[PDB]
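Accompanying notes for the structure given below.
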Amino acid sequence: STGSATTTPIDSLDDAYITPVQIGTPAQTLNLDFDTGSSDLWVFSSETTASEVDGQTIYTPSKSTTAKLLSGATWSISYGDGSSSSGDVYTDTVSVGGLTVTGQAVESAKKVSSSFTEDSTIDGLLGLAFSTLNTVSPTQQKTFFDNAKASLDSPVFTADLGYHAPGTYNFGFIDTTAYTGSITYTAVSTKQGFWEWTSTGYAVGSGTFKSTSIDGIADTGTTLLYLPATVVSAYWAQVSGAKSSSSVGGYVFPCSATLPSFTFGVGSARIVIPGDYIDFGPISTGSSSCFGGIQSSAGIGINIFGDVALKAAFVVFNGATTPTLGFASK
């Protein structure tokens, strides 16, 4: 089997992407944030504290003839940005782009933090990291991909995120029309439960490539590119007036600037992030200070190849017995 679904930016900045997901019988379609940095499929629901729901579409398990309470199971998750959610668990039928999993754990939120409430466009998350990170207790649950894998034509999914445009998540096949040149594959460590890999270096604009190993995670659920302070300083030094602002929470730059590109290495291959992808616009409405899309990972504890990086590539998440990651230009 295979599946193919369009993923759409939630706003004009590509802050996140939403993908429609069918849950239950008859189908209830919710728009979920596919997150290769976590491993829980959770939704706003009829159980979510009413004051914490503001415009989201909810899953109502009592209206699904295939929903079953997973008795005794609870979940609770905290994300790198400080947001969180928790609740109980149902199993139900879940379909993405025509690919159906029966008995998928659907984690129903009883509580969500303010950032989730305030984002009316995201109805929940669909985790695509390794199932070892799943938070359900006392019986850990599998991700949608893990459940689908054996049925797929090939044990892979691909992320093809757009810049200010829709893109695609495919399951079970590689669309050879969706990228240019060849796909370069690179090793993955699953030790921390992430799609963790090592970039071979970087360049700033038309500058020379610096060969250096940068360990990080491919994370579709993180907006920006978080890299070591040395690398980030070298990038922003090429933008007149750019500076790190403790008050704003990162590097800012004059909105009048033209940003240089940023290149990262994948083995001997190179992925070029155009300068425009690194512009996250005014820090506040009407400001002439703009927020940068490359930020320091210092104090996160891990480097993160978030959407800024991933949307410059066609990315293969290869879930074979020994997982790997592939990157192609597009």
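Note on naming: chains are A, B, ... as they come in the structure tokens, residues start from 1 per chain, ligands start from 1 in the order shown.
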
Hey, could you make a per-residue contact list for segment 15-119 of chain A against segment 208-218 of chain A with 10 Å as the cut-off, showing the nearest pair of atoms and its distance in Å to one decimal, counting only C-alpha atoms, sorted by chain and number, as a Markdown table?
| residue | atom | partner | partner_atom | distance |
| --- | --- | --- | --- | --- |
| A:35 | CA | A:218 | CA | 9.7 |
| A:36 | CA | A:218 | CA | 6.9 |
| A:37 | CA | A:218 | CA | 7.2 |

Selection near segment 46-48 of chain A, 8 Å with only C-alpha atoms, sequence-local residues under 6 positions removed, as a PyMOL selection string
chain A and resi 58-61+108-112

Print the selection's residues with N, CA and C atoms to a file, as a short mmCIF file (atom, residue, chain, number, x, y, z; two decimals), in the first residue's frame.
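Printed below is out.cif as written:
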data_model
loop_
_atom_site.label_atom_id
_atom_site.label_comp_id
_atom_site.auth_asym_id
_atom_site.auth_seq_id
_atom_site.Cartn_x
_atom_site.Cartn_y
_atom_site.Cartn_z
N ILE A 58 -12.46 19.16 16.54
CA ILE A 58 -12.28 18.15 17.56
C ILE A 58 -12.67 16.76 17.07
N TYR A 59 -11.97 15.76 17.60
CA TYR A 59 -12.35 14.35 17.47
C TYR A 59 -13.33 13.99 18.58
N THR A 60 -14.45 13.38 18.21
CA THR A 60 -15.45 12.94 19.17
C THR A 60 -15.53 11.41 19.10
N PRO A 61 -14.84 10.71 20.02
CA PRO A 61 -14.82 9.25 19.87
C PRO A 61 -16.20 8.60 19.99
N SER A 108 -6.30 11.37 23.04
CA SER A 108 -7.31 12.41 23.18
C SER A 108 -6.89 13.39 24.25
N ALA A 109 -6.76 14.67 23.90
CA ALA A 109 -6.32 15.66 24.87
C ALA A 109 -7.43 16.01 25.84
N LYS A 110 -7.11 15.94 27.12
CA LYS A 110 -7.94 16.54 28.15
C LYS A 110 -7.47 17.96 28.45
N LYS A 111 -6.16 18.19 28.32
CA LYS A 111 -5.55 19.49 28.57
C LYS A 111 -4.54 19.79 27.48
N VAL A 112 -4.47 21.05 27.09
CA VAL A 112 -3.43 21.54 26.18
C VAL A 112 -2.93 22.87 26.71
#

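Between atom CA of residue 140 of chain A and atom CA of residue 157 of chain A there is a distance of 22.1 Å.
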
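Residues in contact range of residue 323 of chain A, defined as at most 9 Å between only C-alpha atoms, with sequence neighbours fewer than 3 positions away removed, read residues 187, 188, 189, 190, 195, 317, 318, 319 and 320 of chain A.
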
Just the strand (DSSP E) stuff from segment 34-174 of chain A, please, per backbone DSSP, written as a ChimeraX atom specification.
/A:34-35,41-43,68-78,84-96,99-112,124-127,156-160,167-171

From a DSSP pass on the backbone, collect the residues of segment 31-254 of chain A flagged as alpha helix (DSSP H) and hand them back as a PyMOL selection string.
chain A and resi 114-117+144-148+229-236

Those selected residues, please, written with N, CA, C and O atoms and delivered as a PDB file, in the first residue's frame.
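This is the output file out_19.pdb:
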ATOM      1  N   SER A 114      -1.296  26.831  26.397  1.00  0.00           N
ATOM      2  CA  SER A 114      -1.856  28.002  25.746  1.00  0.00           C
ATOM      3  C   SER A 114      -1.457  28.134  24.277  1.00  0.00           C
ATOM      4  O   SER A 114      -2.254  28.600  23.460  1.00  0.00           O
ATOM      5  N   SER A 115      -0.231  27.739  23.943  1.00  0.00           N
ATOM      6  CA  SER A 115       0.239  27.853  22.564  1.00  0.00           C
ATOM      7  C   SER A 115      -0.634  27.030  21.619  1.00  0.00           C
ATOM      8  O   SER A 115      -0.878  27.429  20.483  1.00  0.00           O
ATOM      9  N   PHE A 116      -1.096  25.872  22.078  1.00  0.00           N
ATOM     10  CA  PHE A 116      -1.973  25.051  21.255  1.00  0.00           C
ATOM     11  C   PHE A 116      -3.351  25.699  21.128  1.00  0.00           C
ATOM     12  O   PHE A 116      -3.898  25.811  20.033  1.00  0.00           O
ATOM     13  N   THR A 117      -3.913  26.146  22.243  1.00  0.00           N
ATOM     14  CA  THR A 117      -5.214  26.798  22.214  1.00  0.00           C
ATOM     15  C   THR A 117      -5.222  27.977  21.249  1.00  0.00           C
ATOM     16  O   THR A 117      -6.180  28.184  20.499  1.00  0.00           O
ATOM     17  N   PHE A 144       1.889   6.001  13.719  1.00  0.00           N
ATOM     18  CA  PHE A 144       1.184   5.686  12.490  1.00  0.00           C
ATOM     19  C   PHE A 144       2.099   5.000  11.477  1.00  0.00           C
ATOM     20  O   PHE A 144       1.725   4.002  10.864  1.00  0.00           O
ATOM     21  N   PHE A 145       3.305   5.534  11.306  1.00  0.00           N
ATOM     22  CA  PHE A 145       4.265   4.934  10.374  1.00  0.00           C
ATOM     23  C   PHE A 145       4.672   3.524  10.798  1.00  0.00           C
ATOM     24  O   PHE A 145       4.725   2.619   9.983  1.00  0.00           O
ATOM     25  N   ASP A 146       4.972   3.352  12.078  1.00  0.00           N
ATOM     26  CA  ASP A 146       5.368   2.050  12.591  1.00  0.00           C
ATOM     27  C   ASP A 146       4.256   1.024  12.349  1.00  0.00           C
ATOM     28  O   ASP A 146       4.519  -0.095  11.909  1.00  0.00           O
ATOM     29  N   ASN A 147       3.009   1.403  12.619  1.00  0.00           N
ATOM     30  CA  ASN A 147       1.875   0.517  12.365  1.00  0.00           C
ATOM     31  C   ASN A 147       1.676   0.219  10.873  1.00  0.00           C
ATOM     32  O   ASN A 147       1.329  -0.901  10.520  1.00  0.00           O
ATOM     33  N   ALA A 148       1.900   1.201  10.007  1.00  0.00           N
ATOM     34  CA  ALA A 148       1.681   1.031   8.573  1.00  0.00           C
ATOM     35  C   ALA A 148       2.788   0.269   7.868  1.00  0.00           C
ATOM     36  O   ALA A 148       2.572  -0.284   6.794  1.00  0.00           O
ATOM     37  N   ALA A 229      26.482  27.721  17.902  1.00  0.00           N
ATOM     38  CA  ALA A 229      26.653  29.170  17.948  1.00  0.00           C
ATOM     39  C   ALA A 229      27.729  29.672  16.998  1.00  0.00           C
ATOM     40  O   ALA A 229      27.607  30.772  16.470  1.00  0.00           O
ATOM     41  N   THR A 230      28.791  28.900  16.819  1.00  0.00           N
ATOM     42  CA  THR A 230      29.862  29.279  15.903  1.00  0.00           C
ATOM     43  C   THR A 230      29.335  29.425  14.465  1.00  0.00           C
ATOM     44  O   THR A 230      29.641  30.394  13.767  1.00  0.00           O
ATOM     45  N   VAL A 231      28.553  28.440  14.031  1.00  0.00           N
ATOM     46  CA  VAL A 231      28.002  28.414  12.677  1.00  0.00           C
ATOM     47  C   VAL A 231      27.026  29.578  12.483  1.00  0.00           C
ATOM     48  O   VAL A 231      27.029  30.280  11.460  1.00  0.00           O
ATOM     49  N   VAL A 232      26.163  29.775  13.473  1.00  0.00           N
ATOM     50  CA  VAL A 232      25.129  30.802  13.391  1.00  0.00           C
ATOM     51  C   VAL A 232      25.752  32.202  13.386  1.00  0.00           C
ATOM     52  O   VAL A 232      25.305  33.090  12.650  1.00  0.00           O
ATOM     53  N   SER A 233      26.784  32.411  14.204  1.00  0.00           N
ATOM     54  CA  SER A 233      27.497  33.680  14.196  1.00  0.00           C
ATOM     55  C   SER A 233      28.136  33.943  12.830  1.00  0.00           C
ATOM     56  O   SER A 233      28.090  35.063  12.321  1.00  0.00           O
ATOM     57  N   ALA A 234      28.734  32.919  12.226  1.00  0.00           N
ATOM     58  CA  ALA A 234      29.339  33.077  10.912  1.00  0.00           C
ATOM     59  C   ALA A 234      28.297  33.469   9.856  1.00  0.00           C
ATOM     60  O   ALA A 234      28.593  34.250   8.952  1.00  0.00           O
ATOM     61  N   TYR A 235      27.090  32.918   9.947  1.00  0.00           N
ATOM     62  CA  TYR A 235      26.029  33.292   9.020  1.00  0.00           C
ATOM     63  C   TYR A 235      25.631  34.769   9.197  1.00  0.00           C
ATOM     64  O   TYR A 235      25.681  35.565   8.252  1.00  0.00           O
ATOM     65  N   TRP A 236      25.250  35.144  10.409  1.00  0.00           N
ATOM     66  CA  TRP A 236      24.700  36.475  10.638  1.00  0.00           C
ATOM     67  C   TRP A 236      25.744  37.580  10.513  1.00  0.00           C
ATOM     68  O   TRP A 236      25.387  38.732  10.250  1.00  0.00           O
TER      69      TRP A 236
END

Kindly give the distance, in Å, that separates atom CA of residue 134 of chain A and atom CA of residue 175 of chain A, rounded to a single decimal.
28.9 Å

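Nearest-residue note for residue 72 of chain A: choosing from A:49, A:139, A:182, A:177, the minimum distance belongs to A:139, counting only C-alpha atoms.
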
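The gap separating atom CA of residue 154 of chain A from atom CA of residue 174 of chain A is 8.6 Å, in Å to one decimal.
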
Find the residues near residue 34 of chain A: any atom within 10 Å, counting only C-alpha atoms, skip ones fewer than 6 places away on the same chain, and give them as number ranges by chain.
A: 7, 16-20, 41, 124-129, 159, 169, 219-221

Those selected residues, please, written with N, CA, C and O atoms and delivered as an mmCIF file, in the first residue's frame.
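Saved as result-v1.cif:
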data_model
loop_
_atom_site.group_PDB
_atom_site.id
_atom_site.type_symbol
_atom_site.label_atom_id
_atom_site.label_comp_id
_atom_site.auth_asym_id
_atom_site.auth_seq_id
_atom_site.Cartn_x
_atom_site.Cartn_y
_atom_site.Cartn_z
ATOM 1 N N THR A 7 0.401 18.758 2.311
ATOM 2 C CA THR A 7 0.635 19.488 3.543
ATOM 3 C C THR A 7 0.715 20.975 3.213
ATOM 4 O O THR A 7 1.313 21.362 2.214
ATOM 5 N N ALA A 16 4.306 26.442 10.523
ATOM 6 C CA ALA A 16 4.089 25.005 10.624
ATOM 7 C C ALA A 16 3.274 24.609 9.415
ATOM 8 O O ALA A 16 2.805 25.465 8.658
ATOM 9 N N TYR A 17 3.091 23.307 9.249
ATOM 10 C CA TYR A 17 2.347 22.741 8.137
ATOM 11 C C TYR A 17 1.283 21.795 8.681
ATOM 12 O O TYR A 17 1.538 21.059 9.635
ATOM 13 N N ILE A 18 0.104 21.811 8.070
ATOM 14 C CA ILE A 18 -0.979 20.915 8.449
ATOM 15 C C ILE A 18 -1.368 20.000 7.309
ATOM 16 O O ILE A 18 -1.379 20.397 6.135
ATOM 17 N N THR A 19 -1.728 18.777 7.684
ATOM 18 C CA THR A 19 -2.045 17.715 6.746
ATOM 19 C C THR A 19 -3.360 17.091 7.202
ATOM 20 O O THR A 19 -3.505 16.755 8.370
ATOM 21 N N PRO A 20 -4.335 16.947 6.298
ATOM 22 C CA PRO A 20 -5.615 16.366 6.717
ATOM 23 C C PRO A 20 -5.467 14.870 7.005
ATOM 24 O O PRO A 20 -4.804 14.137 6.260
ATOM 25 N N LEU A 41 0.465 10.613 18.439
ATOM 26 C CA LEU A 41 -0.615 11.110 17.602
ATOM 27 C C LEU A 41 -1.688 11.552 18.584
ATOM 28 O O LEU A 41 -2.340 10.704 19.201
ATOM 29 N N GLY A 124 -4.044 18.996 16.223
ATOM 30 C CA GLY A 124 -3.275 17.980 16.917
ATOM 31 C C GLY A 124 -1.995 17.699 16.172
ATOM 32 O O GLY A 124 -1.662 18.381 15.195
ATOM 33 N N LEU A 125 -1.252 16.709 16.671
ATOM 34 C CA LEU A 125 0.034 16.323 16.107
ATOM 35 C C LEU A 125 -0.009 14.863 15.682
ATOM 36 O O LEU A 125 -0.690 14.045 16.301
ATOM 37 N N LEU A 126 0.757 14.537 14.648
ATOM 38 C CA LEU A 126 0.976 13.155 14.249
ATOM 39 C C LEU A 126 2.483 12.906 14.258
ATOM 40 O O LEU A 126 3.220 13.398 13.405
ATOM 41 N N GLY A 127 2.938 12.182 15.275
ATOM 42 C CA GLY A 127 4.358 11.952 15.463
ATOM 43 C C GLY A 127 4.909 10.904 14.512
ATOM 44 O O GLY A 127 4.287 9.866 14.272
ATOM 45 N N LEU A 128 6.099 11.190 13.994
ATOM 46 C CA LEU A 128 6.776 10.342 13.030
ATOM 47 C C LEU A 128 8.233 10.046 13.407
ATOM 48 O O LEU A 128 8.997 9.546 12.577
ATOM 49 N N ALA A 129 8.612 10.342 14.653
ATOM 50 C CA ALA A 129 9.890 9.876 15.189
ATOM 51 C C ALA A 129 9.733 8.396 15.593
ATOM 52 O O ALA A 129 8.740 7.754 15.262
ATOM 53 N N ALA A 159 9.121 13.637 3.030
ATOM 54 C CA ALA A 159 8.652 14.987 3.305
ATOM 55 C C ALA A 159 9.147 15.902 2.202
ATOM 56 O O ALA A 159 10.357 16.013 1.960
ATOM 57 N N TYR A 169 3.435 14.873 1.838
ATOM 58 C CA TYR A 169 3.936 13.710 2.573
ATOM 59 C C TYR A 169 3.473 12.457 1.840
ATOM 60 O O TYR A 169 2.269 12.247 1.653
ATOM 61 N N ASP A 219 13.620 17.371 11.789
ATOM 62 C CA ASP A 219 12.429 17.613 12.611
ATOM 63 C C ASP A 219 11.419 18.519 11.910
ATOM 64 O O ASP A 219 11.517 19.749 11.953
ATOM 65 N N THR A 220 10.435 17.905 11.273
ATOM 66 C CA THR A 220 9.415 18.649 10.562
ATOM 67 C C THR A 220 8.524 19.484 11.477
ATOM 68 O O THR A 220 7.849 20.403 11.007
ATOM 69 N N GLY A 221 8.493 19.152 12.764
ATOM 70 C CA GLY A 221 7.697 19.891 13.728
ATOM 71 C C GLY A 221 8.375 21.099 14.347
ATOM 72 O O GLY A 221 7.775 21.752 15.197
#

Find the residues around segment 249-256 of chain A up to 9 Å (only C-alpha atoms counted), leave out those fewer than 2 positions away in its own chain, and share them as a list in words.
residues 232, 236, 239, 240, 241, 242, 243, 244, 245, 246, 247, 258, 279, 281, 282, 283, 287, 288, 289, 290, 291, 292, 293, 294, 295 and 296 of chain A

Would you export the selected residues with N, CA, C and O atoms as a tab-separated table (two decimals), in the first residue's frame, please?
chain	number	residue	atom	x	y	z
A	232	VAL	N	26.16	29.77	13.47
A	232	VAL	CA	25.13	30.80	13.39
A	232	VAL	C	25.75	32.20	13.39
A	232	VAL	O	25.30	33.09	12.65
A	236	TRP	N	25.25	35.14	10.41
A	236	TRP	CA	24.70	36.47	10.64
A	236	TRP	C	25.74	37.58	10.51
A	236	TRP	O	25.39	38.73	10.25
A	239	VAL	N	25.37	39.66	7.39
A	239	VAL	CA	24.18	40.49	7.23
A	239	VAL	C	24.40	41.79	8.01
A	239	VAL	O	24.46	41.78	9.23
A	240	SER	N	24.52	42.91	7.30
A	240	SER	CA	24.75	44.20	7.95
A	240	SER	C	23.64	44.51	8.94
A	240	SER	O	22.46	44.48	8.60
A	241	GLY	N	24.03	44.81	10.17
A	241	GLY	CA	23.08	45.17	11.20
A	241	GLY	C	22.45	44.02	11.96
A	241	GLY	O	21.69	44.24	12.89
A	242	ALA	N	22.76	42.78	11.59
A	242	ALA	CA	22.20	41.65	12.32
A	242	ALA	C	22.86	41.54	13.69
A	242	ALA	O	24.05	41.83	13.84
A	243	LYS	N	22.09	41.10	14.67
A	243	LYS	CA	22.59	40.95	16.03
A	243	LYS	C	21.73	39.97	16.78
A	243	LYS	O	20.57	39.73	16.43
A	244	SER	N	22.30	39.39	17.82
A	244	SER	CA	21.54	38.55	18.72
A	244	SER	C	20.92	39.41	19.80
A	244	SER	O	21.63	40.15	20.48
A	245	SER	N	19.61	39.31	19.94
A	245	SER	CA	18.84	40.09	20.88
A	245	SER	C	18.30	39.18	21.99
A	245	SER	O	17.47	38.31	21.75
A	246	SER	N	18.78	39.38	23.21
A	246	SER	CA	18.28	38.60	24.33
A	246	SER	C	16.81	38.94	24.61
A	246	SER	O	16.04	38.08	25.01
A	247	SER	N	16.42	40.18	24.35
A	247	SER	CA	15.05	40.60	24.61
A	247	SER	C	14.07	39.96	23.63
A	247	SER	O	12.97	39.58	24.00
A	258	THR	N	19.07	41.99	2.30
A	258	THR	CA	18.98	40.82	1.43
A	258	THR	C	19.81	39.72	2.07
A	258	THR	O	21.02	39.86	2.21
A	279	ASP	N	14.06	34.37	6.22
A	279	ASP	CA	13.33	35.55	6.68
A	279	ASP	C	12.02	35.17	7.35
A	279	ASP	O	11.12	34.64	6.69
A	281	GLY	N	10.25	37.56	9.07
A	281	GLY	CA	9.45	38.75	9.09
A	281	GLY	C	9.56	39.57	10.35
A	281	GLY	O	10.33	39.26	11.27
A	282	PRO	N	8.81	40.67	10.41
A	282	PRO	CA	8.91	41.60	11.54
A	282	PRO	C	8.69	40.92	12.89
A	282	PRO	O	7.82	40.06	13.04
A	283	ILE	N	9.47	41.34	13.88
A	283	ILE	CA	9.38	40.74	15.20
A	283	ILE	C	8.03	41.01	15.85
A	283	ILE	O	7.55	40.20	16.65
A	287	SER	N	7.20	46.45	12.74
A	287	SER	CA	8.60	46.63	13.08
A	287	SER	C	9.49	46.51	11.85
A	287	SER	O	9.20	45.73	10.94
A	288	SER	N	10.60	47.25	11.84
A	288	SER	CA	11.62	47.08	10.81
A	288	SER	C	12.74	46.13	11.25
A	288	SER	O	13.74	46.02	10.54
A	289	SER	N	12.58	45.48	12.40
A	289	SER	CA	13.48	44.41	12.82
A	289	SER	C	12.81	43.09	12.50
A	289	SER	O	11.66	42.88	12.89
A	290	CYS	N	13.54	42.23	11.81
A	290	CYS	CA	13.00	40.96	11.34
A	290	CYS	C	13.66	39.79	12.07
A	290	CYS	O	14.82	39.88	12.49
A	291	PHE	N	12.91	38.70	12.25
A	291	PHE	CA	13.43	37.55	12.98
A	291	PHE	C	14.11	36.56	12.06
A	291	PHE	O	13.58	36.20	11.01
A	292	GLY	N	15.30	36.11	12.46
A	292	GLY	CA	16.05	35.18	11.63
A	292	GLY	C	15.59	33.74	11.70
A	292	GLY	O	15.14	33.24	12.73
A	293	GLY	N	15.77	33.03	10.59
A	293	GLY	CA	15.38	31.64	10.50
A	293	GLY	C	16.46	30.62	10.84
A	293	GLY	O	16.18	29.42	10.85
A	294	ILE	N	17.67	31.11	11.09
A	294	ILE	CA	18.80	30.32	11.59
A	294	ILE	C	19.11	30.88	12.97
A	294	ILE	O	19.35	32.09	13.12
A	295	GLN	N	19.08	30.02	13.98
A	295	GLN	CA	19.23	30.41	15.37
A	295	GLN	C	20.18	29.44	16.06
A	295	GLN	O	20.39	28.32	15.59
A	296	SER	N	20.75	29.88	17.17
A	296	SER	CA	21.65	29.03	17.93
A	296	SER	C	20.92	27.91	18.66
A	296	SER	O	19.88	28.12	19.27

Using only C-alpha atoms, which of the listed residues (A:123, A:52, A:107, A:196) sits closest to residue 304 of chain A?
A:196

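Closest to residue 133 of chain A among A:171, A:277, A:79, A:185 is A:79, based on only C-alpha atoms.
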
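The residue that comes closest to residue 206 of chain A, out of A:263, A:95, A:31, A:86 and on the basis of only C-alpha atoms, is A:263.
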